[PDB]
Amino acid sequence: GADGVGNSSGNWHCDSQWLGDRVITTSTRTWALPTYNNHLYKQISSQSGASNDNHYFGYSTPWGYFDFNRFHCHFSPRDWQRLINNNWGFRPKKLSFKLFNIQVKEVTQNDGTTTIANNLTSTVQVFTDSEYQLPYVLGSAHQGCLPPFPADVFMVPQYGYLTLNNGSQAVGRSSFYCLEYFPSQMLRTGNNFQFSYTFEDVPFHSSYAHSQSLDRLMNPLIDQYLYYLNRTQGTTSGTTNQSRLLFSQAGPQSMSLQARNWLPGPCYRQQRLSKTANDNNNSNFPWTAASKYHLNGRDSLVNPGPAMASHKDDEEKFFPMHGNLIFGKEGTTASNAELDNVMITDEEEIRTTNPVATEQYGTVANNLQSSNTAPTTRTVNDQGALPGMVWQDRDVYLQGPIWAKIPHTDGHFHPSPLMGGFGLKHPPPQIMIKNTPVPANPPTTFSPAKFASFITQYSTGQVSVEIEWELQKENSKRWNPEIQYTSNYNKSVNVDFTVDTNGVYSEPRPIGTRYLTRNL
Amino acid sequence: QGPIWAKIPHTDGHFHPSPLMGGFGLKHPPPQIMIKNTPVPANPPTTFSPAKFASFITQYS
Amino acid sequence: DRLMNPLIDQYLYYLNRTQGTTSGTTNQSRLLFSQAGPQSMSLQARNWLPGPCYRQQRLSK
Ligand SMILES: Nc1ncnc2c1ncn2[C@H]1C[C@H](O)[C@@H](COP(=O)(O)O)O1
Ligand SMILES: Nc1ncnc2c1ncn2[C@H]1C[C@H](O)[C@@H](COP(=O)(O)O)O1
């Protein structure tokens, strides 16, 4: 693709249409790119004795990058509703990336006024980490994605990565990556950038909730043919009746004693919190009493753990200590914001396959009972994996992460990103972008010294992203209507998912995905 | 006299999908075969009644 | 107006009593609804209207 100055290098493709078996979303946004790090690679690390479990070492690059690992980058609210309310599941298929209508602007502070002018001969550099040789910094819920609202212009994030570290110091096996050591396409105004990607085979997401329960699985009307022991001593308690071994045949009556075929999913107990700031202990325990793990003598918070339900029946006020994902409302400090300023996600559809996050797991025996010894019971707060266990995964939300790169290790278990979504061995590659350095006035005499005098300039253009989604259609013989997402028909102030009096788009609530029901 | 197979629950995750009571765990097991006697109404009224029909001939198969 | 079935009642309901109730003690008014019947023949729900009109004066021979 090569055209002229007064000729656009692309069009605005922002649309979505459905094919009953699949859906194609196209999304275009305007982007702006500054000059990060002053065209310099800078070594970064932790403050000399500021914190210990936060010690780190890495580098900062003059490169920006494109991100669209959020669902609202592609699905308008209305669309998300169509998807959510009609499909057993869904997944990604293809991807088309396009950069175009590029403009390079250089600015000058002459006196007390900034003039901005065109630098037509200036270039910009783009490339894609398709061999995954660069540290994958996406799928970490960072900021700088495409604006949920198409009319919103966004700033392109800067690229930085972390390496291996011993405290604030580094090791010998630490890796330094130069992005100038990658072949990249240079673009002038009227040039453009093309890219296509094909997702791998990754299971459909669960856009459903089970209409049955792991324990309420059998026939309510018939008794089993298996027997269990329910009386150890209790007999005809009158004369000469100390103890006896008695067995009962399973019945719809003994519903939680019947022989079973499957187990609930794994668990890692979280601490229970209440939204009412007075049910809780008068202490500050978000760290000393929260669940966590430690690698190399460094404690890390187990924020979203295994998929566990948020609360039990008849509660809805108790949420796991960070046992779920939380989104911040529009306009809310990054530092200690009120509970009325955030949006907490309820995972109450998986109550049927998974243990509750705050509750125990079950009961294990740990002794050899006899006439001499009384049988001991121990509450299990942590459960690894077991043959027979089944479970559901974390939901995805309109503004949640989509995919995540699966770490290249010797072993994985259930490679589903813990924050939710699609785990990929080879995910959509990273797209790097940066303004090419333009030297300012050079000396008539030759100076070997590092060149530091540059013309200040930023870039702007459009970006387009087209993704094809495969849908799993609903096939239910449920007679009664199912629950659907819907807006309040009530006379309301502002309209949900809209701009306000002074033009600011805002998403009212987090949107789940499990509205339709399937059987176990 | 034990169980033979068992349907594997349609969830996001399983581990070792062998039925815990023993046997063969199947994603798609032998389907359920339903059977029932078709309702045979008894003497109807010469006058039209909208009310739910409840008078049936008792019979087994 | 004589278009429906003389033998069967409708499944639609109309309001035919606004006050008239068990007119004895403490019975001023109440909202009561009756299901259309061959009996309530000119009260039943309808599907069509008669033609337009422009009243003329009446004369006798
Ligand atoms: N998001 C995602 N990506 C890939 N696989 C998933 C995902 N979620 C669940 N699984 C399941 C599907 C396969 O049966 C299994 C492969 O594990 P393996 O370790 O590859 O043998 O992991
Ligand atoms: N009864 C029964 N049915 C199916 N598979 C069984 C059974 N017993 C053991 N396995 C083993 C065989 C496969 O290697 C594995 C597939 O797990 P998956 O979760 O399918 O990846 O589970």
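Residues numbered from 1 in each chain as written, not as in the entry; some residues may be left out. Chains lettered and ligands numbered in written order. Part of a larger assembly, values for the part shown. Heavy atoms only, no water.

- As summarised from the PDB record, the model derives from X-ray crystallography at a stated resolution of 2.603 Å.

Observations concerning the overall build of chain C
So, point 1. Along the backbone of chain C there are 0 helices and 2 strands.
So, point 2. Computed over the C-alpha atoms, the radius of gyration of chain C is 18 Å, more than 25% above the 10 Å expected from 2.2 N^0.38 for a compact globule of 61 residues.
So, point 3. For the C-alpha atoms alone, the extent of chain C along its principal axes is close to 55 × 30 × 20 Å.
So, point 4. Put simply, chain C has 61 residues, and 15% of those count as buried.
So, point 5. Across chain C, the fraction of contacts at a sequence separation of at least 24, relative to all contacts at a separation of at least 6, is 38%.
So, point 6. With the model as given, the accessible surface of chain C reaches about 6,200 Å², and the carbon-plus-sulfur share is 52%. (Helix = DSSP H or I, 4+ residues; strand = E, 2+ residues; numbered from the N terminus. Rg over C-alpha atoms; globule rule 2.2 N^0.38 Å. Buried < 20%, exposed > 50% of the residue type's maximum accessible area, 1.4 Å probe, protein only. Contact = heavy atoms within 4.5 Å. Areas by Shrake-Rupley, 256 points an atom, 1.4 Å probe, with all protein chains shown as cover.)

Structural notes on the overall build of chain A
So, point 1. A tally of helices and strands in chain A yields 1 helix and 32 strands.
So, point 2. Referenced to the eigenvectors of the C-alpha coordinate spread, the extents of chain A come out at roughly 115 × 55 × 45 Å.
So, point 3. Buried positions account for 40% of the 520 residues belonging to chain A.
So, point 4. Taking as baseline every contact in chain A between residues at least 6 positions apart, the subset at least 24 positions apart corresponds to 75%.
So, point 5. Surface summary for chain A: the accessible area is close to 29,400 Å², and the carbon and sulfur share equals 50%.
So, point 6. Here chain A carries 39 positive and 42 negative side-chain charges, and the mean point of each set is 4 Å from the other. (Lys, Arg positive; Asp, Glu negative; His and termini not counted. Charge placed at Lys NZ, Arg CZ, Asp CG, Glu CD.)

So, the site of ligand 1
Residue and element names in this part refer to chain A.
So, point 1. Neighbouring ligand 1 are the residues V202, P203, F413, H414, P415, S416, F422 and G423.
So, point 2. One of the backbone nitrogen or oxygen atoms of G423 is found 2.8 Å away from a nitrogen atom of ligand 1.
So, point 3. Alone, ligand 1 offers 490 Å² of accessible surface; in the complex the protein occludes 55% of this.
So, point 4. Along the lines of polarity and charge, the residues of the shell around ligand 1 split into 5 nonpolar, 3 polar and no charged. (Near = heavy atom within 4 Å. Polar contact = N/O pair within 3.5 Å; in protein donor to acceptor, adjacent residues only side chain to side chain. Nonpolar A, V, L, I, M, F, W, Y, C, P; charged D, E, K, R; others polar.)

A word on the packing of aromatic side chains
The geometry of an aromatic ring pair is captured by the separation of the ring centres together with the interplanar angle, meaning the angle of the planes.
All names here are of chain A.
So, point 1. This model, assessed by the stated rule, comprises 31 aromatic pairs over all chains.
So, point 2. Ring centres of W80 and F90 lie 6.4 Å apart, and the angle between their planes is 80°; this geometry places the pair in the edge-to-face category. Residue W80 is located in helix α1 (residues 77-84), and its partner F90 is located in strand β5 (residues 87-109); the two are separated by 10 residues in the primary sequence. Each member of the pair, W80 as well as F90, carries the same accessibility label: buried.
So, point 3. Taking 6.2 Å as the distance between ring centres and 70° as the angle between the ring planes, the aromatic pair formed by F97 and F193 counts as edge-to-face. Of this pair, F97 sits in strand β5 while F193 sits in strand β13 (residues 193-198), placing them 96 residues apart in sequence. With respect to class, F97 is no different from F193; both count as buried.
So, point 4. Ring pairs connect the aromatic residues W31, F66, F68, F97, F193, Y197, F199 and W403, which therefore count as one cluster. (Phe/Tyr/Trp six-rings, centres within 6.5 Å; stacked < 30°, edge-to-face > 60°.)

Brief notes about the site of ligand 2
Residue and element names in this part refer to chain B.
So, point 1. Around ligand 2 sit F15, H16, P17, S18, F24 and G25, and that is every residue in its neighbourhood.
So, point 2. Within the backbone of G25, an N or O atom sits 2.8 Å from a nitrogen atom of ligand 2.
So, point 3. Protein chains bury 43% of the 490 Å² of accessible surface belonging to ligand 2 in isolation.
So, point 4. Residue classes in the shell around ligand 2 are distributed as 3 nonpolar, 3 polar and no charged.

Description of the nonpolar core
So, point 1. Counting 61 residues, the largest nonpolar core has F66, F68, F71, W80, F90, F97 and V463 of chain A as its most contacted members.
So, point 2. Excluding residues that lie within four positions of it along the chain, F66 of chain A makes contacts with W31, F97, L99, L138, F154, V156, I431, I433 and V463 of chain A. (Core = buried A, V, L, I, M, F, W, Y, C linked by side-chain atoms within 4.5 Å.)

Focus: the layout of surface pockets
So, point 1. Roughly 1,300 Å³ of internal volume is contained in the second largest pocket.
So, point 2. Residue lining of the second largest pocket: 31 residues in total, with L217, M218, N219 and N261 of chain A together with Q32 of chain B positioned closest to the centre.
So, point 3. Among the residues forming the lining of the second largest pocket, the class breakdown is 19 nonpolar, 8 polar and 4 charged. (1 Å grid on protein atoms, 1.4 Å probe; cavity = no way out; pocket = protein on both sides within 12 Å on 5 of 7 lines; lining within 4 Å. Points joined across faces, edges and corners; volume = space filled by probe spheres on them.)

Observations concerning the pairing of β13 of chain A
Residue and element names in this part refer to chain A.
So, point 1. Burial along β13 is one-sided: the face carrying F193, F195 and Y197 is buried and the face carrying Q194, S196 and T198 is not.
So, point 2. As defined by bridge partners, β5 adjoins β13 across 6 bridges and the pair is classed as antiparallel. Counterpart to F97 in the pairing with β13 is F195. (Pairing = 2+ DSSP bridges.)

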